[PDB]
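In: here is my input, please return the structure:
(chains A and B, ligands or ions: 2)
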Amino acid sequence: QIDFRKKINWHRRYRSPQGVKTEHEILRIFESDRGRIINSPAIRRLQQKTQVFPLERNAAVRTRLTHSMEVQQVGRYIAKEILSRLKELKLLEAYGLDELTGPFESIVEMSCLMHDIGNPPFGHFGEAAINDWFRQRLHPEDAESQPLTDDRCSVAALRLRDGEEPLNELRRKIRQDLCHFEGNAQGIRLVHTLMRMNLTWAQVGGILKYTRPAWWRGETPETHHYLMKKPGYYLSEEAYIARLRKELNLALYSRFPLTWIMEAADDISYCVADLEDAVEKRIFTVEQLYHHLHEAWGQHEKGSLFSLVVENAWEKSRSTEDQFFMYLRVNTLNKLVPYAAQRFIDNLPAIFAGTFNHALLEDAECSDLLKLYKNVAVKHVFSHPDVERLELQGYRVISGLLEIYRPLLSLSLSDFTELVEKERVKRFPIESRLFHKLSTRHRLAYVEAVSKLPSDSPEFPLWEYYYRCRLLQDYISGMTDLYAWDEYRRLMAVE
Amino acid sequence: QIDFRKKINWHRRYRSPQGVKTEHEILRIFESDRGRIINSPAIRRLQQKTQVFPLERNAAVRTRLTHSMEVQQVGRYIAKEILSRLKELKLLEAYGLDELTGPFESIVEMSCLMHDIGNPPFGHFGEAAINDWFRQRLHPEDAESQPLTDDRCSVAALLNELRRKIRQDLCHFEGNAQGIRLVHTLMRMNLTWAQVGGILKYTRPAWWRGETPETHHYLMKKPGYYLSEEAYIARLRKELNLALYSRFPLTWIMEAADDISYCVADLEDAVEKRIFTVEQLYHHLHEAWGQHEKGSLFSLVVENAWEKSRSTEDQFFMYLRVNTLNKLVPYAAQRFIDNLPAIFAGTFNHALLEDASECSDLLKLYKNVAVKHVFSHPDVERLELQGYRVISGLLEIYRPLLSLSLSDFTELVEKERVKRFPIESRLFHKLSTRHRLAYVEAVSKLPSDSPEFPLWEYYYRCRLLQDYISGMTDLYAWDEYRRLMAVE
Ligand SMILES: [Mn+2]
Ligand SMILES: [Mn+2]
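Out: Numbering: from 1, shown residues only, chains lettered A, B, ... in the order given. Ligands and ions are numbered 1, 2, ... in the order given. Right below this line is the structure:
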């Protein structure tokens, strides 16, 4: 049975409010969350994180922030559409929404905003350089089966010991979790353990995009593959994630019903904006682009969504660029938003369950239009040398930075712990200074996770390392494209 | 009589919608406006326009954009508060709001967002360098009375009343006035009248020469619009039911949010730039209050937030922000409702937080601390001075286009390639196509025959230049300065 009272959890993890609360009181909690998000430095960082194009000396181009604001307004429209349609169906009171109208909407907007929140400096390329650097040092493939006589792992504790141990399973999970860094998973890690925001369960639900644990190694459940497409959370969050499922009434590997709305907007905004920027960076004319889109459609009919959207917007522009993109955007939303709004309502039971193994804008006419934009963007924009140059640049910056911090990892627990207590250590001065370079928040978080472990435990050293790596990963992922590059040069000694 | 149906004008200037429209249809028009604003490049430019502190290699510091988002959430709260209070008073249906709930709120947020949108690269300092550069070339003081035997104006053409108005308008550039110019004539957004009302902060015309309006002193504190907009501005007044020099009732809400967000954010950034500790700051605030009582708003806000803190800094600012809004927002929400007739009239000669209000005092306290410690910092001041030269120098680089005859200038507008003026050609190409387009359009609307026609051309010519510059980000203007000075 569909009841949103049960999904829109206004309680918190720590210092949580409890007992009754009016429609207004509840609105205020959700409005509190907005203020928390909007004033966050993690949200400010996004104006300095690159979105497709390099951070040029004129802000004409979209950054991760300006894009996420655009995504949020799309999300607002979809949510608002779902609501209006449902009030016309009178199912609003029936689904326990008549009083959670505003909250619903705000959650969407705020999750929209926070997509890309945990992404590393150089995005998907950052992810690569991180995962790759860890892979050459851990080799999680060497953990999959029985203890290999020749384990490629550089860490003594994480190397599968031959002797009959269930500790071998702990090593397996750590190796896969650290080598499978994902922005969404880092986003969850960020809002809770790092940024220490203390948001409503419902909000944190909306930013939980995937249900796959980072430590996952096998084949994906056939009836869960879509939902477990990448990883959604780390081993460090597993505890809190369980807490989240129970609070939001979610089964293992079940998604929060609103996440689907936020996802949709992101999928829409996704290309069109970069395509606008492409003509702005003079890659081709607006006319040239129209012809690339005509070429891309192929199977042309005079009543298709191409004619209704792209052909339509092209005619509006002639008796230019502004008008073109302005109406192209309009045209798209005006057809796509209703579709996804409907799709949501249509498949609401499975969505409420968070079991629905599909996207609002599927694969089989809306999905086609999007794909068309994507193809054009791939073949002409994403392929541009200045883009690719920066993509490759990013990779080295992160890889090199990770190597600069290798000495802290290439250490014994006894030594590392020593550095954590005494800030000034005799024999390890480089390591000292390098550890000071780390941000006070990720540093704090490490210690806290460590102090919660049992000293006596044989798993304790493995955990320390898992956390040690997490700590390093947090520092790096936390950086902006600029800061990471600047630091790379500074630590390579060229400034 | 108070009816918001009459103030929340969902019609547009060009391609305007008309006839009935449902609550939903109306919401959609206001939601359309949001999309227009949010996708605007003029709104993107703000992530590259400096807010107090220089850009820095880490975005830990607020930019004009990140501040305006903060302002918008404050505005949201105030608007939402006014509404909730009014629903409790049941006056919502009574004031024609029961169906314009969402719109009201969106307008606030969108106007909040668009405050500073018309600000130049080096904001306040940019204004100076512009106005100063024009003043040495026009001397509008020399126009005030009778034609001076020794007129300091560099322009032959600068009917005596038209000359007066042009000189004052061009020499009195203001971000808010430029903002109005921007959304309509430059950005060609075509927004709902109501939205454009919300960004009209001042009722003073830029061409005004005759110190202080007595009865309308506060509303005409700074200029609100240019001579180039006077026509459209008249159109706006009539559409929004405003008397000459009357303000849009919602503008007051947006304004308030800005007055609040104004300092606290830079104070957070001050501790972030290590200017002083969070502890050092608390002591500067204790020093600043002086007249200490154990139940005052200082104790309730600052003392309160200080105790909560004992990350420390995060918690401190987080709850300090909370504490402030939790007391100030209700006040301004009330003030609005309390003085609603005069606000609806847009005649109310005061601010929501203004009088001897404990609220106004708290704000002033933040401001004083910011002035005495943050705004006074050398790296700030250095950049402020730097900005001035960049703009002044840039204005001088473009002096050749102004130091020209109409006959010559016009020639350059038709033929892109002109023989004798090659520097001027290339310099004119440097200007953005939008401001270029806008100039021509304003010019083509004038009567060729008219004796005022040459004066207008110049007014517009200067406006065109001003648009280019004001349109730039701190970075682009600096980059260009160096590029045109030949150091890259
Ligand atoms: Mn996105
Ligand atoms: Mn401001």
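
In: touching, residue A:132 and residue A:396? I think so.
Out: No: assessed by C-beta atoms under 8 Å, residue A:132 is found out of contact with residue A:396, at 11.4 Å. For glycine as for every other residue, the C-beta is placed from the backbone atoms N, C-alpha and C.

In: quick check: which element contains the spatially most central residue of chain A?
Out: In chain A, the centroid-proximal residue (C-alpha atoms, centre = their mean) is residue A:184; its distance is 2.6 Å. Using DSSP states H and E, residue A:184 maps to helix A:183-189.

In: relative to residue A:254, how far out is the residue nearest to the centre of chain A?
Out: Noted for residue A:184: a distance of 16 Å to residue A:254, by C-beta to C-beta, to the nearest Å.

In: how about residue A:170?
Out: In terms of C-beta to C-beta, residue A:170 sits 26 Å off from residue A:254.

In: now do the phi/psi pair for the nearest residue to residue A:183 once chain neighbours are set aside.
Out: Distance criterion C-beta to C-beta, 6 or more residues apart in numbering or on different chains; nearest residue to residue A:183, sequence neighbours excluded, is residue A:119 at 3.8 Å. Torsion angles at residue A:119 (phi, psi; degrees, to the nearest 10) stand at phi -60, psi 150.

In: quick one: residue A:321 and residue A:286 touch, right?
Out: Yes: at 4.8 Å, residue A:321 and residue A:286 qualify as touching, with contact defined as C-beta under 8 Å.

In: quick one: which of those two has more around it?
Out: Using other C-beta atoms under 10 Å in any protein chain shown, the more surrounded residue of residue A:321 and residue A:286 is residue A:286, with 20 against 15.

In: for that one, what are its contacts?
Out: Residues near residue A:286 by C-beta atoms under 8 Å, 6 or more residues apart in numbering or on different chains: A:279, A:317, A:320, A:321, A:324, A:325.

In: one more: residue A:358?
Out: By C-beta under 8 Å, 6+ apart, the contact set of residue A:358 is A:226, A:347.

In: what's around the one residue in the stretch 51-200 of chain A that gets nearest to chain B, how many residues?
Out: As assessed by C-beta to the nearest C-beta, chain B sits closest to residue A:59 within the stretch 51-200 of chain A, at 3.7 Å. When neighbours are counted by other C-beta under 10 Å, residue A:59 registers 25.

In: now residue A:311
Out: Residue A:311 has 19 nearby residues by other C-beta under 10 Å.

In: give me phi/psi at it?
Out: Taking degrees, to the nearest 10, you get phi -60, psi -40 for the backbone angles of residue A:311.

In: what's near enough to touch it?
Out: The contact partners of residue A:311, by C-beta under 8 Å, 6+ apart, come to none.

In: and the gap between it and residue B:96?
Out: 42 Å.

In: what residues does the stretch 251-400 of chain A have near chain B?
Out: Within the stretch 251-400 of chain A, the positions lying close to chain B (C-beta under 8 Å from any C-beta of the partner chain) are A:322, A:326, A:329, A:330, A:333.

In: count of neighbours near the fourth one?
Out: In this case it means residue A:330. Residue A:330: 17 surrounding residues under other C-beta under 10 Å.

In: please apply the same query to the second one.
Out: Here the count is done by other C-beta under 10 Å, and residue A:326 has 21 residues near it.

In: same deal with the first one?
Out: Counted with other C-beta under 10 Å, residues neighbouring residue A:322 total 17.

In: overlap in contacts of residue A:321 and residue A:286?
Out: Counting by C-beta under 8 Å, 6+ apart, the residues touching both residue A:321 and residue A:286 are residue A:279.

In: of the contacts of residue A:286, buried ones?
Out: A:279, A:317, A:324, A:325 (16 or more other C-beta atoms under 10 Å in any protein chain shown).

In: most widely separated two among those?
Out: Within those, A:279 and A:317 form the most distant pair, 11.5 Å apart (C-beta to C-beta).

In: quick one: contacts for the residue of the stretch 51-200 of chain A closest to chain B?
Out: With contacts defined as C-beta under 8 Å, 6+ apart, residue A:59 is in contact with B:41, B:44, B:45, B:46, B:47, B:48, B:49, B:473, B:475.

In: mind running it again at 6 Å?
Out: Applying C-beta atoms under 6 Å, 6 or more residues apart in numbering or on different chains, we find residue A:59 in contact with B:44, B:45, B:47, B:48, B:473.

In: re earlier: need the contacts of residue A:286 in JSON lines with secondary structure, can you?
Out: JSON lines is the format used below for the contacts of residue A:286 (DSSP: H, G, I helix; E, B strand; the rest coil):
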{"residue": "A:279", "secondary structure": "helix"}
{"residue": "A:317", "secondary structure": "helix"}
{"residue": "A:320", "secondary structure": "coil"}
{"residue": "A:321", "secondary structure": "helix"}
{"residue": "A:324", "secondary structure": "helix"}
{"residue": "A:325", "secondary structure": "helix"}
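
In: of these, which is the nearest to chain B?
Out: Relative to chain B, the closest of these is residue A:325; by C-beta to the nearest C-beta it sits at 8.0 Å.

In: chain neighbours aside, what residue packs nearest to the closest one?
Out: Taking C-beta to C-beta, 6+ apart, and ignoring the residues beside it in sequence, residue A:325 has residue A:276 as its nearest neighbour in space, at 4.5 Å.

In: next, count neighbours for the one you found.
Out: 23.

In: helix, strand, or coil at the residue of chain A most remote from its centre?
Out: Each residue of chain A has a distance to the centre, and by C-alpha atoms, centre = their mean the biggest one is for residue A:319: 41.8 Å. Taken by three-state DSSP, the conformation at residue A:319 corresponds to coil.

In: from chain B, how far off is it?
Out: Relative to chain B, residue A:319 is positioned 13 Å away (C-beta to the nearest C-beta, to the nearest Å).

In: again, but for residue A:211
Out: 31 Å.

In: what's near enough to touch that residue?
Out: Counting by C-beta under 6 Å, 6+ apart, residue A:211 touches A:227, A:228, A:232, A:253, A:255.

In: what residues does the stretch 101-250 of chain A put near chain B?
Out: By C-beta under 6 Å from any C-beta of the partner chain, no part of the stretch 101-250 of chain A sits against chain B.

In: what ranges do the helices span in the stretch 351-495 of chain A?
Out: A:366-376, A:385-404, A:406-409, A:413-421, A:429-437, A:440-451, A:460-478, A:481-492 (DSSP state H, counting those that start in this stretch).

In: cool, the stretch 201-350 of chain A as well?
Out: Assigned by DSSP H, counting those that start in this stretch, the stretch 201-350 of chain A shows helices spanning A:201-206, A:238-248, A:259-269, A:272-280, A:286-297, A:305-306, A:312-317, A:321-346, A:348-353.

In: most tightly packed of those?
Out: Among those, ranked by average contacts under mean count of other C-beta atoms under 10 Å in any protein chain shown, first place goes to helix A:201-206 (a mean of 27).

In: packing partners of it?
Out: If contacts are counted by 3 or more C-beta pairs under 6 Å, 6 or more residues apart in numbering or on different chains; DSSP states H and E, helix A:201-206 sits against helix A:101-113, helix A:238-248.

In: list every C-alpha atom in that helix, with coordinates, as PDB.
Out: Extracted in PDB, the C-alpha atoms of helix A:201-206 (Å, rounded to 0.1, in the frame of the first residue of the first chain):
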ATOM      1  CA  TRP A 201      16.500  10.600   6.400                       C
ATOM      2  CA  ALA A 202      14.200  11.500   3.400                       C
ATOM      3  CA  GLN A 203      16.800  13.900   1.900                       C
ATOM      4  CA  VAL A 204      19.700  11.400   2.200                       C
ATOM      5  CA  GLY A 205      17.400   8.900   0.500                       C
ATOM      6  CA  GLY A 206      17.000  11.200  -2.500                       C
END
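
In: give me the residues contacting that helix.
Out: Contacts with helix A:201-206, where a contact means C-beta under 6 Å, 6+ apart, come from A:8-9, A:11, A:33, A:107, A:110-111, A:247-248, A:256, A:258-259, A:262.
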